[PDB]
Amino acid sequence: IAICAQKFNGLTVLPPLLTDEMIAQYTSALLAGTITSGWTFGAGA
Amino acid sequence: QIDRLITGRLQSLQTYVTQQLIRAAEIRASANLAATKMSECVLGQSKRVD
Amino acid sequence: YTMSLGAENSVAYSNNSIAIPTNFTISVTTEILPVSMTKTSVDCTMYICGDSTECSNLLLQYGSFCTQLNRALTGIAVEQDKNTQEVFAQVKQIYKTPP
Amino acid sequence: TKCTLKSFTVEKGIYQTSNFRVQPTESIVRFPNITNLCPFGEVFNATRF
Amino acid sequence: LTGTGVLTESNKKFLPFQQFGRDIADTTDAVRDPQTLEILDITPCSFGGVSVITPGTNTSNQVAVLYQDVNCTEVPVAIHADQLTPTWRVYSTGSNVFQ
Ligand SMILES: *[C@@H]1O[C@H](CO)[C@@H](O[C@@H]2O[C@H](CO)[C@@H](O)[C@H](O)[C@H]2NC(C)=O)[C@H](O)[C@H]1NC(C)=O
Ligand SMILES: *[C@@H]1O[C@H](CO)[C@@H](O)[C@H](O)[C@H]1NC(C)=O
Ligand SMILES: *[C@@H]1O[C@H](CO)[C@@H](O)[C@H](O)[C@H]1NC(C)=O
Ligand SMILES: *[C@@H]1O[C@H](CO)[C@@H](O)[C@H](O)[C@H]1NC(C)=O
C-alpha cells in the first residue's frame, strides 16, 4: 500500500520483540565466539 | 432459563478445566526438567554445558 | 508395496576380530528447529460484535470469557518472545570476527 | 487500562486495553436514482372515466 | 444492506454488474454508491489495537500509548480524536511522537 488494525475482523499480528537483524547479530556473536574461543566463551570470559 | 444458566456455567467449567490441563502439562514438563536436574546435577556432575 | 525397513546387513562378528577405521569424513548436517509462532492477537469485542452497540451490550452479559481469551493470547505472545530470548540471547556480549 | 483490568492500581508493563471511548454516529440512507414512474399521469388526468 | 462504519475513497475496480464488496468472512468491505458510480471502502469505526505502557501506579501516573500498525499522521483520524475527550487528544498529536 504505502489502518490494517481495523480492516480485518479484529485480528492483528504483533511484531516480535527481537528483529531479524537482532537475531542475526546474536548468531554472529555466537559464531564469532565459537570460532575464536571454542567453548570458553560460554563458561566465562 | 436454567438451561441457559447451565450451558453457560458448564462452558465456564470446561474452559477452566482445559486451562488447568494445559497448565498441568506445562508444570509436568517443568517437573521432569527439575527431576533430571536433580539426577544429573546433585546426584552427579554434569558435563552438559550451561 | 510392503515398505522396506532398510538394507539387510549382517555383521561379521567373531570373538577375536575387530574392525578399525583407517580414514574418516568430516560431515556437516543440518538440523532445523522451530523457536516461535506468529504473535497473533484478536480483538474479541470487534470479532464477535464488530461495530454494533446492541451486540456489545448482549456480549457484556457473558462475563469475562472475552477478557480471559485476550489474556491467553497475550500470554502466548509473551511466551514466544521468551522462547526467542532463551534460544538466541545466550551470549552476554557481542563478539565480532577479526579481519 | 484501570477499568479494562478491573483494578484501581496498575503494575509496570504494556497492557492491551479495550475500547470504552464511544463516539456519536450519524445516519445515512442511500438508494438509486428514482426512475420507472407508473402511468398515474394518464390514470388520474384521464380524458374520460 | 445496512451497517456501521467509516466510508473512504477506495482503490478497487468493481465490475459493471457487482454492487457490494465482501471479505473472506462474509462481511461487507466496500460498496457501490447507488447514485454516484463510485466505490467506497467501509472501514469499521472502532480501535481496540491500543496498548498503554505504564510504570507502576505506585511510582508515577504518567503513561505512554502505542497504536498498532499506524502512521503518526493517521492517529488523530484512526481513533477519531476530534470526537474524544481533550485528555485523549494529548495522546494523538504533540512533540513526543515516535514511529
Ligand atoms: C581418506 O579419504 C579422503 C577423501 O575422503 C582421501 O582424499 C582423496 O585423495 C585422493 C588421492 O589421494 C584424491 O584424488 C581425492 O580428491 C581426495 N579426496 C578429497 C575429498 O580430498 C584420502 O586420500 C584418504 N586417505 C586414506 C589414507 O585413505
Ligand atoms: C507512513 O509515512 C511514510 C513517510 O515517510 C510513508 O513512506 C509510508 O508509506 C506511510 N505509511 C503508510 C501505511 O502509508
Ligand atoms: C443520478 O442522478 C444524478 C442527478 O440527480 C446524476 O448526476 C447521476 O449521473 C445519475 N446517475 C445515474 C446512474 O443515472
Ligand atoms: C394532472 O395535471 C395537473 C395539472 O393540471 C398536475 O398538477 C398533476 O400532477 C397531474 N397528475 C399527475 C398524476 O401527474
Side-chain angles (χ1 to χ4, degrees), chain A residues 1-20 22-45, chain E residues 1-8 10-12 14 20-31 39-53 64-84 88-89 91-93 97-99:
Chain A
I1 294 169
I3 295 100
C4 295
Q6 47 205 51
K7 213 170 149 267
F8 306 76
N9 279 67
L11 286 54
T12 69
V13 170
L14 308 177
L17 173 55
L18 285 76
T19 64
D20 289 334
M22 290 183 176
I23 303 302
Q25 290 179 24
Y26 270 134
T27 60
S28 171
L30 283 164
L31 186 44
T34 301
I35 293 168
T36 57
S37 52
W39 49 69
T40 66
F41 85 102
Chain E
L1 60 78
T2 176
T4 57
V6 174
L7 310 185
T8 69
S10 66
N11 203 347
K12 305 158 184 296
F14 275 19
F20 315 141
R22 197 83 86 191
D23 217 318
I24 295 169
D26 181 65
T27 188
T28 303
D29 192 64
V31 292
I39 304 307
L40 310 176
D41 289 339
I42 301 181
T43 309
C45 37
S46 188
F47 215 47
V50 176
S51 320
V52 179
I53 300 138
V65 171
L66 170 87
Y67 302 90
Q68 317 283 166
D69 306 306
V70 283
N71 261 8
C72 303
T73 43
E74 321 198 13
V75 170
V77 201
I79 68 156
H80 322 288
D82 53 16
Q83 302 160 345
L84 277 192
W88 267 91
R89 275 191 289 276
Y91 309 101
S92 61
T93 49
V97 159
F98 194 38
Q99 166 72 55

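A note on names: the letters A, B, ... follow the listed sequences, proteins ahead of strands, and every chain is numbered from 1. No hydrogens, no waters, no symmetry mates; every other heavy atom, side chains included, goes into these values.
Other residues, nucleotides and ligands contribute over 12 non-hydrogen atoms within 6.0 Å of the CG atom of E/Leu1.
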Please table the atom pairs, donor to acceptor, closer than 3.5 Å between any side-chain atom in residues 35-45 of chain A and protein atoms at least two apart or in another chain.
| from | atom 1 | to | atom 2 | distance (Å) |
| --- | --- | --- | --- | --- |
| A/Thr36 | OG1 | A/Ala32 | O | 2.6 |
| A/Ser37 | OG | A/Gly33 | O | 2.3 |
| A/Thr40 | OG1 | A/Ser37 | O | 3.1 |

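Interface remark: E/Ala78 contributes backbone and side-chain atoms alike to the contact with chain A (heavy atom separation under 4.5 Å).
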Distance-only check: which donor-acceptor pairs of chain A and chain E lie under 3.5 Å?
| from | atom 1 | to | atom 2 | distance (Å) |
| --- | --- | --- | --- | --- |
| A/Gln6 | NE2 | E/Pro44 | O | 3.3 |

